[PDB]
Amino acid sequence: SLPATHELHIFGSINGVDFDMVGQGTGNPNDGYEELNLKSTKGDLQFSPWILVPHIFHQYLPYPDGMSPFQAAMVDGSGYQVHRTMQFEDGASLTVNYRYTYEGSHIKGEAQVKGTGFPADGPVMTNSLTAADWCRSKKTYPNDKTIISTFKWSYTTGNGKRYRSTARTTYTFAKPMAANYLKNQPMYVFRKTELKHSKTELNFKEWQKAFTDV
């Protein structure tokens, strides 16, 4: 059934330096809200925690006329895997692979990240990231077991300057999606992220709304 609570183990390397975080959260699969708390299990982070946004659960995202394909693939237990690639304007790049398991309304996420190419004088490694612009995603369905989502991303720095990226995300479903979804392409989603972060800890929130060009 539809999720209510969730945990995430997110780990890997930024610029060849390992990191690992765990924690819990909750959300509302009826209006797309997610809260997450996470803690370092190997001490201080050596990069902007903002770099983990937005990577830190589309099972919490509803569609205009019912379940999103992600909610559907959790409810029937078939599920889906995720890969995301993101390219930064300063040549950095980042990947993330997700796997989930489901226990009633509880989700367990494993997210493995590899981030490289971040200038040492750059806002990631200087920790000069303060906020995340609103972001529009475009979702398309090239066959019945795949979705592609693409978007432009932007952080605000220290000085009111902007650090950009682009992103392509690939969802791979074990069962064919329902014909419904195939018919309303593309699906857009607007999302805002908030983040409060120490060196070891952070509280994350997301707001999400799916709409067509209708």
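Numbering starts at 1 and follows the sequence shown.
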For the neighbouring pair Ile51 and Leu52, the stretch of deposited sequence with no coordinates amounts to none
On mean C-alpha B-factor from the PDB entry, just flag whether 64 to 72 or 155 to 163 is the higher one.
155 to 163
Which is higher on mean Cα B factor in this entry, 115 to 123 or 99 to 107?
115 to 123
Among the choices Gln59, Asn180, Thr150, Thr26, identify the one whose CA B-factor in the record is greatest.
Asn180
Comparing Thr140 with the other modelled residues of its chain, is its CA B-factor in the lowest, middle or highest third?
middle
Ordered by C-alpha B-factor within the chain, which third holds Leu195? Give me lowest, middle or highest, please.
lowest
Which third, lowest, middle or highest, does the C-alpha temperature factor of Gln81 belong to within its own chain?
middle
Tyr33 - Cα temperature factor, lowest/middle/highest third of chain:
lowest
Grab the CA temperature factor for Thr212 from the record and place it in the lowest, middle or highest third of its chain.
middle
